[PDB]
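In what follows, a structure is listed as structure tokens, so that the remarks can point back to it.
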Amino acid sequence: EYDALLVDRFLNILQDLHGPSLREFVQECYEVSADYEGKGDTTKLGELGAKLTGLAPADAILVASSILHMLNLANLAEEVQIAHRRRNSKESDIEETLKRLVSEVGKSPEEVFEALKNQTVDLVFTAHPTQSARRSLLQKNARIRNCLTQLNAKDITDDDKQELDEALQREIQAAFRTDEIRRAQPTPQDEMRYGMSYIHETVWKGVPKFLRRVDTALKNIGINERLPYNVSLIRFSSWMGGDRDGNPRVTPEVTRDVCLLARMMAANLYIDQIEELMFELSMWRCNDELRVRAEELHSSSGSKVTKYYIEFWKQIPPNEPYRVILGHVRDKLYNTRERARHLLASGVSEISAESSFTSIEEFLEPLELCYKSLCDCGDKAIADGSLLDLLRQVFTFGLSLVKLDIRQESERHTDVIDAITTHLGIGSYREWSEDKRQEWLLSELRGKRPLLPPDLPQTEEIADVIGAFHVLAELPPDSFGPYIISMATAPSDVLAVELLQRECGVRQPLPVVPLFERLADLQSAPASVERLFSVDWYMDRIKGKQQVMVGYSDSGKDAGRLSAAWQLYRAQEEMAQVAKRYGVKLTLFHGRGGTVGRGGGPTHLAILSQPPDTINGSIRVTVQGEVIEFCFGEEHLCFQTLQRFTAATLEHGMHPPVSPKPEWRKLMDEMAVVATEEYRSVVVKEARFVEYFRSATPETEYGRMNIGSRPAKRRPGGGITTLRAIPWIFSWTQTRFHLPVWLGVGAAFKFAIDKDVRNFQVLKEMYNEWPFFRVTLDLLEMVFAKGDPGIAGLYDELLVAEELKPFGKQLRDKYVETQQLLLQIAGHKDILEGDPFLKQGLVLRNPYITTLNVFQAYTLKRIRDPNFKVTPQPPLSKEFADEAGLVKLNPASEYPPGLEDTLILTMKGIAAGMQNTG
Amino acid sequence: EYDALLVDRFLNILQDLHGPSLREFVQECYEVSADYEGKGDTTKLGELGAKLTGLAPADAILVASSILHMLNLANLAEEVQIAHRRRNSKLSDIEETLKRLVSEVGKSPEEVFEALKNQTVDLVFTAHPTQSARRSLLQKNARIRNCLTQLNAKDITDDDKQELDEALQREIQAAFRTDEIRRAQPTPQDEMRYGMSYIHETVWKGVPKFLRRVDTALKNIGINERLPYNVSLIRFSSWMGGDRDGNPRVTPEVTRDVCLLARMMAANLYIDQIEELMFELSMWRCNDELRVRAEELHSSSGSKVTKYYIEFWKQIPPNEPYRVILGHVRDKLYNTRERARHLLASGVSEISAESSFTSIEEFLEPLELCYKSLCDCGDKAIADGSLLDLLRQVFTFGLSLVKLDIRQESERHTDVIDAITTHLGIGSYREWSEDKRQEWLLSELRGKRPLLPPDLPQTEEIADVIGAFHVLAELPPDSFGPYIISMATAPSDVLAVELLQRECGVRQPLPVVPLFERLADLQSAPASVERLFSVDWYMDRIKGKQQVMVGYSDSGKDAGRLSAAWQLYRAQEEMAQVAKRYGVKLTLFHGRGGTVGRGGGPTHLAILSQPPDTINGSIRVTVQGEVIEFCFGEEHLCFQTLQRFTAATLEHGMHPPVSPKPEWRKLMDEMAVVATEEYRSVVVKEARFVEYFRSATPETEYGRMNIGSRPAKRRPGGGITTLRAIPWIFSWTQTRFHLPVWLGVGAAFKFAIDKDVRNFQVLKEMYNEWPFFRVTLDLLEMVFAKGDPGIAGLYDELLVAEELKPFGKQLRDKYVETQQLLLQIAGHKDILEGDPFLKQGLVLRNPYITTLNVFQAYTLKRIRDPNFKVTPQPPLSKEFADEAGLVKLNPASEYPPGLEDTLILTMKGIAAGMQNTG
């Protein structure tokens, strides 16, 4: 009923503002596409684009803008109802997962309590260019959901309801009367501030609330104490500013900028918390250690640290001890924030080191001192209030709020080192074999003599690499995470960084993690890791700890979806074995995206689908682009997301899934090869593919959304091979074909059952009994439920060259064949059977996505072929009667009047309907 | 049910921190006291007095603190159960009042609309010394109420409830382990910020919300229009920093600090609002006027205003016009709050006049442009959103937030004018008769030649009068309200200030209002007013607008409750008629306050009790000290308080109470005389009364609470005549005798029914029909129901000398005869027979108030009588075993150790139990 509420209110506003005609048109468009949805009639689609094409440039944008906002309001009305259904329950949460591990799994609470203390989940916010949404519009969503949630409260006045309704009205109209298009790419610093706003508005306050829940959950299974505040049960990191992989606009200056901005934000968040705490901690009873400190600070009036906040210092009573300690802490915090602002504006501050907080230890000392004071006075109840929450923030967020991960292409380090060994007349590091590089790199690392000559000639690219290590060397180590190597292949790559890092003067080096992103590299991966582990120098370096990252984006782009997901499984599984053998604690970093074809899917299931005994309280997962909004857009969402990662990781540690029987293994090994062959037979071993690709899907238009700062093609020259993973998945998502997601799965299924009809009962046994296999298929079913090959055929009809058109039909035949087999194996007769609501959800959502699909296909044609002329209709908006101000929102467009805006809106809208950008 | 939740939790905490024996002791006191309550056995009181007197210094406090906290928790639970019951009675107010005035009164919705546009209710915040509570404790009340409110919600989980409970637990214990006693007198600037916290935290956001309800209520009677945003339907003024009467600590400099501090606070609130509004108004459609200005500001990079927020200007995209204007509006606001800071912190500022906002019209210029733009583009729905709420704040709060009322004694201006006539050798102004004073003042006022010599000899008082005017001369006129003359008697006082104001160079002078505080002045009052009109000079000055204040505090002190209340009635009545005849809009400023003995009572009833046709949408009322927390302590409270004032005043204008029958009037005049004489025969015409007074009540110990900056006596000489109304009322309120509240009412009733038995059928006939008479008798009834003459008798025992003792017993015979005569006229057999819930609350509260009544009397004894012997008990607190850090919280008490802090806690406690300080 919620979407009938929002769609009906939008339409009244559409009519009120533009005239009934246009409102009828948007409504007629619904039913023409609903006749396609209902019966399957393909003739409908042609008739619909007949209408859309002739529209005025102002009306065209209007129609496209309108379908966007209705499709968006359909999403908000679903989120609200999802939230309502979850709440009305009174997959699993944290308190249930404890009670289960104690009851059913037969574990002791002290084992569960122990397991907890050792657990640490690290969610890494990144700025992967998958968020078309202007923040301005996002904020409006939160209010719309909020007006909608309250509106449907149980107890409420007629007046309160009548006024919340008015509030909902104007909020919708505000969103509609804003330009939904970003008119210039963000800077990396913008990207960072954008993502920090989640840390501010939901994560900051929402961490101690989840933790106190974990306290309550611990008490319900008998544990009589709270989770010790130095436990980092959950942490947060960022790539916003650090990941420069294929993004030259992330310069050494940008990294320094972000690092300091973070410290600023942090200090300012703490200042606010400390200040509320000073109003609360009014109590006079303190223990001895604190009294002494409080009496030093009282007499010295702050120990002369600020002279700002000096008004406060004189008039503070003596018998308010806690207020004096915190008063000092807050004076110090202001300095820390101000020293950052000066270091950002000038690079040097007048404000000294020990007039501010430099280390996390320095900051914790007075805080814990307050805690122990309050405990020693018997007021541990008082202590476990806002004070406890703060302490947990300090261990969870620290002084720079979020740690920064640095990531650079593998081959870029090679170019530096080769420039070095060339200048120095030692030969070409690029030309050496891998074993020689290791031997050379290892001599240097052991050696006591400098290598990098200052007079080294440098390309701009060699400059950026060294200049990055330079910025790393001057910034506090507690602001960084690890250094990640994109395209990491062999132990050379890791050692090459360890060296460059040392030879650029990084006094305390960042731990080096490789990112195995491709199929070959994930196979050779445990072999890579064992070589490193076996080196005496490297082993002393890492000290029992090694982190390694696995990319789900570029994996599935190399092999198929099936082969990549399997290779990712056993590459985790084997590395954990090598690490266990060498006594190294492996910590897996998961490069998961939002879409299914990049490791997307429910959080608790994604964990459950990972090899047993390869987590054990230590895991890092990326949260990419729009996924931050999905997970941390609202207070409850943030809390719920912390719940999933924590409860899953816990269970998975103590009660791991079933290891795959050898039957299952061999069959996955065999299918994956067939699947890879079939996938690569389409994307790699086929000349005319790239021409069909850039023709049938809106691939080449993705940059026009101005989403992120990254040029999303690694190099103009060239081909599909350099096209980033995100616009890839995006291209096939708009068209609703989802090619890279299912290609190869059908062949692997067909191979297995044709090889031996017995295997049908083996596939069935795996889908029932093996979490990994089940989750993978289930996720594929969801995709196919969001799939319509009839739409893919519609792009093929209007845009694809004639010779290739049968190639397209050949592909759609595989789509249907794959779906067909998938269902049989799963034991489903119908698609999205065994799942209500998400099928219901696709019923109202679809006719609009169909309308946009049609709109976009024709809008693409109109752009590409000047010859496709269509007879222009009369204007529909009462606003744009006679000679158009809205179209002028796009100053200089490469395309004819209103064609680029119509296109962008079709992309944004279809992405909203799919609830995914790419 | 709600109090049982809280009181029990405190006890568990009390037992948890100090051991079982103490907990049982506090419980023993209850039932001992309860035994007195349910039977009336005066022996139990003395019994308890034994126990409480022997206690250790640490335990004497802990007990008083514990009764206080429980007494407060009982108040808290009652506030939450009142709010609950109110919301249930919406599943009168303003939407009902509009409907009733249309259907029942037969007014047109247009007439109703119009009378609202012409209404204005000015609520005056004052710092009258009646808030014992430290603000750090009050904040904790709020959290307790909240935690208690969420605890008893309909939808709530088991764990949510478990944690809300844990949050309630620690919040009580926090308040308990805080020193409740303010250890130092506030400054007037401390007092002012204290009051402004209410403006910030509830009144700021709460005004626009209330007006939006008035919108909806207008639409429910079919108006189809919003109450135009320029209507100030409700306004807020302040005395905090302006009221000088009897407080030499309110210097000219205090007034200057308060005036700037406010403008700082105001800009700082407008900045936070504007910043949100910029986020919101992201629309691109604007009208021509806005577009022009928008491009001027955009292309000039801000129009050169601040250089702060310069990072924002470069950021600003072109087609976001609203953010552009608003951005400049913000820049200009930053300057305004800084300029105040520099004007406060030192003589002047670098920041110019026209780099900031100087006039309210200059601030409204760009905002209204935005509003008209959005309406012009058809987005008025958006315009009525957050923008509308701000605009209404601009009209309601202006650039200074609240207007400062200056108030000074009548004779203090006389002193100045006598120093001038003596210095210039014109004569002695003081010795001149009233008609001569008027004649001379008017010569000077008509004259163009200066008067005040700069070489004038001044005492310190005279330098505080002239120096104050000098401050008003400098500060912008829109920061002040009127100049209020306390002890106003004749038209000379008003003309005297009009002259001093001009002769001190106050360029645009404050309008002069006289405060008629006493009986003789309220009688001459309408004649004074007519005299002040009919003067052709004074008529041109006021220009049809005259305000006069009536004092409810100092009236009852002069004449007695009934005789005051009645003279106050016809004071307003006749002044109205004079004003009406002269074509003058009389605005009445009512000086009320908390206690019933100072014009206290329910807001809508007080306004009902006021004479017909003496309001007409123009009124001001004092919200004194602790009453501010009573009205504006919570969001819901603030809304409810604007509701009563707006609905009562509107209704009273268009649907007046009845005029009294001539029979009633004559009886009131006759009874007034009788009541006055009876009341004065006790407090004036009895030599030994003043000795009895400072003996049977803790009147003299008032100053030890450190409530206000104002010394509670207007200097030692005078006796009772100089003791301010507040510590006066407080004294009888502690002892639960309430002497000034009911003394004379018995004698007035007895006289009336004895003069003619027919009058009994009149006195009832009045109570049933007359709003004035009924409200006064009911408010009396509430007092008596909070009254216990058995307690007054317990103070008389332990404290009053043996000769004065029967005098005390004579008064107690008047108490009973009065309460008896009251109930016979009210048609009640029992006391609070018509009020079931207010009577219930006094059932659980009373035994704690009784326990503190006993504790106080004996504690007063130990101070005054060092020959009083009592045998000490063993320590009850496990915290204080052997020889006490708590009693050392008093630096150097004039009384024996722990006797002052115990005496104070018994006053604050009893104060909470009566829900009134004084």
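To be explicit about the labels: the chains of the structure tokens are called A, B, and onward in the order shown, and within each one the residues are counted from 1, while ligands get numbers from 1 in the order they are shown.
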Could you please tell me, as a PyMOL selection string, which residues of chain A have an atom within 6 Å of chain B when using only C-alpha atoms?
chain A and resi 170+177-178+282-283+381-382
Store the residues picked out above in a file with N, CA and C atoms, as a short mmCIF file (atom, residue, chain, number, x, y, z; two decimals), in the first residue's frame.
data_model
loop_
_atom_site.label_atom_id
_atom_site.label_comp_id
_atom_site.auth_asym_id
_atom_site.auth_seq_id
_atom_site.Cartn_x
_atom_site.Cartn_y
_atom_site.Cartn_z
N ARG A 170 5.62 18.04 -0.19
CA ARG A 170 6.57 19.06 -0.62
C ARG A 170 7.97 18.49 -0.71
N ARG A 177 11.80 18.91 -8.38
CA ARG A 177 12.21 20.21 -8.92
C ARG A 177 13.67 20.58 -8.67
N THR A 178 14.51 19.54 -8.61
CA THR A 178 15.97 19.66 -8.53
C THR A 178 16.56 18.97 -9.75
N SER A 282 29.08 15.24 36.25
CA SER A 282 29.11 16.28 37.28
C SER A 282 29.55 15.76 38.64
N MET A 283 29.54 14.43 38.81
CA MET A 283 29.86 13.83 40.11
C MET A 283 31.19 14.31 40.73
N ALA A 381 28.27 2.00 37.02
CA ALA A 381 27.03 2.22 36.29
C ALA A 381 27.09 3.56 35.55
N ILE A 382 27.46 4.61 36.26
CA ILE A 382 27.68 5.91 35.64
C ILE A 382 28.73 5.82 34.55
#
Contacts of stretch 523-533 of chain A at 10 Å (only C-alpha atoms; same-chain gap of 3+ positions) as a PyMOL selection string:
chain A and resi 438+488-492+494-495+514-516+518-520+536-540+542+544+546+548+550+567-568+570-579+581-584
Find the spatial neighbours of residue A:352, counting only C-alpha atoms, within a cut-off of 12 Å - ignore same-chain residues fewer than 5 positions away - and output them as a PyMOL selection string.
chain A and resi 305-306+332+335-336+338-340+342-343+357-358
Contact residues around residue B:358 with only C-alpha atoms at 12 Å, ignoring same-chain residues under 2 positions, as a list in words
residues 263, 267, 332, 333, 335, 336, 337, 339, 340, 352, 353, 354, 355, 356, 360, 361, 362, 363, 364, 398, 399, 400, 475, 476, 477, 478 and 479 of chain B
DSSP-assigned strand (DSSP E or B) members of stretch 471-500 of chain B, reported as a list in words
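Put together, the selection reads residues 480, 481, 482, 483, 484, 485 and 486 of chain B.
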Which polymer residues have any atom within 8 Å of an atom of stretch 456-470 of chain A, counting only C-alpha atoms, with same-chain residues fewer than 3 positions away left out, as a list in words?
residues 251, 252, 255, 412, 413, 415, 416, 419, 420, 423, 452, 453, 473, 474, 500, 501, 504, 505 and 506 of chain A
Preceding selection exported with N, CA, C and O atoms as a PDB file, in the first residue's frame:
ATOM      1  N   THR A 251      46.424  12.064  -6.771  1.00  0.00           N
ATOM      2  CA  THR A 251      47.825  12.449  -6.756  1.00  0.00           C
ATOM      3  C   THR A 251      48.363  12.371  -5.324  1.00  0.00           C
ATOM      4  O   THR A 251      47.578  12.243  -4.382  1.00  0.00           O
ATOM      5  N   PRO A 252      49.699  12.419  -5.154  1.00  0.00           N
ATOM      6  CA  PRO A 252      50.271  12.422  -3.804  1.00  0.00           C
ATOM      7  C   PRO A 252      49.708  13.512  -2.897  1.00  0.00           C
ATOM      8  O   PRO A 252      49.647  13.303  -1.683  1.00  0.00           O
ATOM      9  N   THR A 255      46.271  12.433  -1.349  1.00  0.00           N
ATOM     10  CA  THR A 255      46.413  11.515  -0.213  1.00  0.00           C
ATOM     11  C   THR A 255      46.718  12.237   1.102  1.00  0.00           C
ATOM     12  O   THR A 255      46.152  11.919   2.153  1.00  0.00           O
ATOM     13  N   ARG A 412      53.342  -0.612 -12.356  1.00  0.00           N
ATOM     14  CA  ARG A 412      53.843   0.734 -12.145  1.00  0.00           C
ATOM     15  C   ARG A 412      55.106   0.715 -11.308  1.00  0.00           C
ATOM     16  O   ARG A 412      56.032   1.479 -11.569  1.00  0.00           O
ATOM     17  N   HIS A 413      55.157  -0.171 -10.320  1.00  0.00           N
ATOM     18  CA  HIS A 413      56.365  -0.317  -9.515  1.00  0.00           C
ATOM     19  C   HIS A 413      57.524  -0.851 -10.362  1.00  0.00           C
ATOM     20  O   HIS A 413      58.688  -0.487 -10.162  1.00  0.00           O
ATOM     21  N   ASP A 415      58.090  -0.272 -13.552  1.00  0.00           N
ATOM     22  CA  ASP A 415      58.604   0.863 -14.316  1.00  0.00           C
ATOM     23  C   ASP A 415      59.567   1.728 -13.504  1.00  0.00           C
ATOM     24  O   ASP A 415      60.528   2.269 -14.047  1.00  0.00           O
ATOM     25  N   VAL A 416      59.305   1.861 -12.205  1.00  0.00           N
ATOM     26  CA  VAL A 416      60.191   2.630 -11.336  1.00  0.00           C
ATOM     27  C   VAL A 416      61.505   1.889 -11.156  1.00  0.00           C
ATOM     28  O   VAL A 416      62.578   2.418 -11.446  1.00  0.00           O
ATOM     29  N   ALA A 419      63.570   1.814 -14.115  1.00  0.00           N
ATOM     30  CA  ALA A 419      64.196   3.105 -14.345  1.00  0.00           C
ATOM     31  C   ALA A 419      65.444   3.195 -13.483  1.00  0.00           C
ATOM     32  O   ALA A 419      66.462   3.747 -13.909  1.00  0.00           O
ATOM     33  N   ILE A 420      65.360   2.631 -12.279  1.00  0.00           N
ATOM     34  CA  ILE A 420      66.495   2.582 -11.360  1.00  0.00           C
ATOM     35  C   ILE A 420      67.629   1.690 -11.872  1.00  0.00           C
ATOM     36  O   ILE A 420      68.775   2.126 -11.955  1.00  0.00           O
ATOM     37  N   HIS A 423      69.201   3.357 -15.107  1.00  0.00           N
ATOM     38  CA  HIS A 423      70.056   4.489 -14.749  1.00  0.00           C
ATOM     39  C   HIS A 423      71.380   4.020 -14.130  1.00  0.00           C
ATOM     40  O   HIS A 423      72.443   4.546 -14.455  1.00  0.00           O
ATOM     41  N   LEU A 452      68.060   4.171  -4.530  1.00  0.00           N
ATOM     42  CA  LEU A 452      67.395   5.190  -5.341  1.00  0.00           C
ATOM     43  C   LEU A 452      68.207   6.483  -5.507  1.00  0.00           C
ATOM     44  O   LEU A 452      68.358   7.252  -4.561  1.00  0.00           O
ATOM     45  N   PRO A 453      68.722   6.740  -6.719  1.00  0.00           N
ATOM     46  CA  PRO A 453      69.498   7.969  -6.923  1.00  0.00           C
ATOM     47  C   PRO A 453      68.591   9.188  -7.081  1.00  0.00           C
ATOM     48  O   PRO A 453      67.586   9.119  -7.788  1.00  0.00           O
ATOM     49  N   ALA A 473      55.696   8.839   3.734  1.00  0.00           N
ATOM     50  CA  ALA A 473      56.823   8.831   4.650  1.00  0.00           C
ATOM     51  C   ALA A 473      56.751   9.974   5.655  1.00  0.00           C
ATOM     52  O   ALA A 473      57.328   9.894   6.740  1.00  0.00           O
ATOM     53  N   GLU A 474      56.028  11.029   5.310  1.00  0.00           N
ATOM     54  CA  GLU A 474      55.971  12.194   6.177  1.00  0.00           C
ATOM     55  C   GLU A 474      54.715  12.247   7.050  1.00  0.00           C
ATOM     56  O   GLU A 474      54.673  12.993   8.024  1.00  0.00           O
ATOM     57  N   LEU A 500      60.923  -0.217  -2.638  1.00  0.00           N
ATOM     58  CA  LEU A 500      60.584   1.164  -2.993  1.00  0.00           C
ATOM     59  C   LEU A 500      60.097   1.953  -1.794  1.00  0.00           C
ATOM     60  O   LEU A 500      60.344   3.148  -1.680  1.00  0.00           O
ATOM     61  N   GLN A 501      59.384   1.272  -0.910  1.00  0.00           N
ATOM     62  CA  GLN A 501      58.838   1.888   0.282  1.00  0.00           C
ATOM     63  C   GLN A 501      59.986   2.286   1.189  1.00  0.00           C
ATOM     64  O   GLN A 501      60.041   3.412   1.680  1.00  0.00           O
ATOM     65  N   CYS A 504      62.295   5.045  -0.276  1.00  0.00           N
ATOM     66  CA  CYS A 504      61.684   6.371  -0.352  1.00  0.00           C
ATOM     67  C   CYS A 504      61.587   6.973   1.040  1.00  0.00           C
ATOM     68  O   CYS A 504      61.044   8.067   1.219  1.00  0.00           O
ATOM     69  N   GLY A 505      62.095   6.234   2.024  1.00  0.00           N
ATOM     70  CA  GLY A 505      62.219   6.743   3.374  1.00  0.00           C
ATOM     71  C   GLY A 505      60.963   6.669   4.217  1.00  0.00           C
ATOM     72  O   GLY A 505      60.746   7.510   5.093  1.00  0.00           O
ATOM     73  N   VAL A 506      60.132   5.665   3.960  1.00  0.00           N
ATOM     74  CA  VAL A 506      58.972   5.424   4.811  1.00  0.00           C
ATOM     75  C   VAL A 506      59.447   4.756   6.105  1.00  0.00           C
ATOM     76  O   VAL A 506      59.570   3.538   6.176  1.00  0.00           O
TER      77      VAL A 506
END
Excluding residue B:737 and its own-chain neighbours fewer than 4 positions away, which residues fall within 9 Å of it when counting only C-alpha atoms? Please give them as number ranges by chain.
B: 731-733, 784, 786-792, 812, 815
Write out as a ChimeraX atom specification which residues come within 9 Å of stretch 221-232 of chain A when counting only C-alpha atoms, dropping same-chain ones fewer than 4 positions away.
/A:95,98-99,102,109-110,113,116-121,211-212,214-217,388-389,391-396
Check the smallest atom-to-atom distance from each of B:606, B:559, B:101, B:683 to residue B:519 using only C-alpha atoms, then report the winner.
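Among the listed residues, B:559 lies closest to residue B:519.
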Which of B:623, B:762, B:823, B:56 sits closest to residue B:128 [using only C-alpha atoms]:
B:623
Among A:816, A:794, A:549, A:876, residue A:861 is approached most closely, using only C-alpha atoms, by A:794
For residue B:393, which residue out of B:127, B:743, B:650, B:199 is the nearest one, using only C-alpha atoms?
B:199
Using only C-alpha atoms, find the one residue out of A:743, A:375, A:914, A:32 that sits nearest to residue A:44.
A:32
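Here atom CA of residue B:214 and atom CA of residue B:227 stand 7.2 Å from one another.
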